[PDB]
Amino acid sequence: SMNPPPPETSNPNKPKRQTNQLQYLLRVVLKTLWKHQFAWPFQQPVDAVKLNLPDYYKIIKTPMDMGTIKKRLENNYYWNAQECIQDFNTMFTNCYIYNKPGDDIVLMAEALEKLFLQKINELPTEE
Ligand code: NA
């Protein structure tokens with residue numbers, strides 16, 4: 001029923017890059033999803049205490065959220081675009097695993113995921 005430590009957003013010994021694809025993931029993908037009317041449940045780690053989800057972290061062993069992704073992008077945590085894309089996919093998958101089809105939160109995730117897919121489709125070629 002307690003919250004775990006959040007995913008890390010800083011690891012000085014992890015090697016880092018700033019690439020055109022990563023810049024797109026921040027400026028286009030993250031920013032598009034972040035401003036959406038359905039972003040709010042996904043803007044920070046799930047607070048299982050506040051939300052009264054005592055079993056959340058019993059079920060979800062790889063938590064991810066856009067607050068974490070935003071910090072990772074802004075603090076140049078990633079080596080490549082695939083790591084960040086995987087984080088978005090983890091976030092969506094967790095929501096579908098934990099919740100029931102058609103729940104409000106599932107519809108919200110699906111709307112954000114549709115936009116995510118559209119933007120990833122135009123991921124720029126590595127420069
Ligand atoms: Na489910």
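All ligand and atom numbering here is 1-based and tracks the order in the structure. Numbers here simply count residues along the sequence, with the first being 1.
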Q) Hey, what's the angle at the Na ion (ligand 1) spanning O (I97) and O (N99), nearest 10 degrees? A) 100°
Q) Hey, is the Na ion (ligand 1) within less than 3.0 Å of some N/O/S atom on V106? A) no
**Q.** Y98 backbone or side-chain N/O/S under 3.0 Å from the Na ion (ligand 1)
**A.** no
Q. Do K16's NZ or CZ and the ring of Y78 fall within the cation-pi criteria of under 6.0 Å and 45°?
A. no
Q.
Salt bridge or not between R17 and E83? Use side-chain N to carboxylate O under 4.0 Å.
A. no
(Q) Could you check whether atom CH2 of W79 has more than 12 heavy atoms from other residues, nucleotides or ligands sitting under 6.0 Å from it? (A) yes
Q | Heavy-atom side-chain proximity of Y57 to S1 below 4.5 angstrom | A | no
